Amino acid sequence: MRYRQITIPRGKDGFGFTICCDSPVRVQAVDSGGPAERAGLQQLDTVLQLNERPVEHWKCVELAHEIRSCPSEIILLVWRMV
């Protein structure tokens with residue numbers, strides 16, 4: 001049950017993953033061959049931090065809005081079962 005830091009540069013159409021739930025937000029899915037998959041994100045990853053900001057505590061729609069507003073890349077700290 002570990003922590004991974006995942007760095008995802010922006011691709012042609014965003015970052016290639018879906019989220020669900022509030023406080024904390026969870027990764028729903030990851031698009032096959034998209035930015036997030038090859039960065040190492042995976043489904044069930046719980047999102048603790050986006051860039052400098054802890055987001056334990058944020059709603060799904062808040063986080064999506066913030067993700068879409070990052071220019072170049074996101075660095076997510078996630079909690080996952082391994």
# chains A, B, ... in the order shown; residues from 1 in each chain; ligands from 1

$ residues_around --residues "residue 58 of chain A" --least-positions-apart "5" --cutoff "9 Å" --atoms "only C-alpha atoms" --output "PyMOL selection string"
chain A and resi 22-25+63

$ residues_around --residues "residue 67 of chain A" --least-positions-apart "2" --cutoff "12 Å" --atoms "only C-alpha atoms" --output "number ranges by chain"
A: 8-10, 14-19, 47, 49-51, 53, 55, 60-65, 69-76

$ select_by_dssp --residues "chain A" --states "strand (DSSP E)" --output "compact mmCIF listing (two decimals) with C-alpha atoms, in the first residue's frame"
# COMPACT_ATOMS: atom_id res chain seq x y z
CA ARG A 2 2.55 2.54 -1.25
CA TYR A 3 3.21 6.04 -2.59
CA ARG A 4 4.31 6.75 -6.15
CA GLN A 5 5.15 10.06 -7.73
CA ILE A 6 3.98 10.05 -11.38
CA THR A 7 5.11 12.79 -13.83
CA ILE A 8 2.85 13.20 -16.86
CA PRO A 9 3.69 15.65 -19.62
CA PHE A 17 -6.87 9.43 -17.72
CA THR A 18 -10.21 9.63 -15.92
CA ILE A 19 -11.07 10.31 -12.27
CA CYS A 20 -13.98 9.61 -9.87
CA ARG A 26 -9.41 8.26 -7.42
CA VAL A 27 -8.16 7.35 -10.90
CA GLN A 28 -10.99 5.66 -12.79
CA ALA A 29 -9.06 4.61 -15.85
CA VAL A 30 -6.01 5.32 -17.95
CA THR A 46 -5.77 7.57 -4.99
CA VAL A 47 -4.59 11.13 -5.57
CA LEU A 48 -2.89 12.87 -2.66
CA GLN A 49 -1.04 15.72 -4.39
CA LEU A 50 -1.08 17.62 -7.68
CA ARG A 53 -0.68 21.31 -3.76
CA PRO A 54 -2.10 18.59 -1.51
CA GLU A 73 3.01 18.56 -17.11
CA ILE A 74 1.43 17.37 -13.90
CA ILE A 75 3.27 15.62 -11.11
CA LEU A 76 0.85 13.53 -9.08
CA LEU A 77 1.66 11.84 -5.84
CA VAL A 78 -0.56 8.77 -5.56
CA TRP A 79 -1.31 6.10 -3.01
CA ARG A 80 -1.77 2.58 -4.43

$ select_by_dssp --residues "chain A" --states "alpha helix (DSSP H)" --output "list in words"
residues 35, 36, 37, 38, 39, 60, 61, 62, 63, 64, 65, 66, 67 and 68 of chain A

$ atom_distance --atom1 "atom CA of residue 13 of chain A" --atom2 "atom CA of residue 33 of chain A"
12.3 Å

$ atom_distance --atom1 "atom CA of residue 35 of chain A" --atom2 "atom CA of residue 68 of chain A"
13.5 Å

$ atom_distance --atom1 "atom CA of residue 66 of chain A" --atom2 "atom CA of residue 52 of chain A"
12.1 Å

$ closest_residue --among "A:21, A:44, A:1, A:36" --to "residue 82 of chain A" --atoms "only C-alpha atoms"
A:1
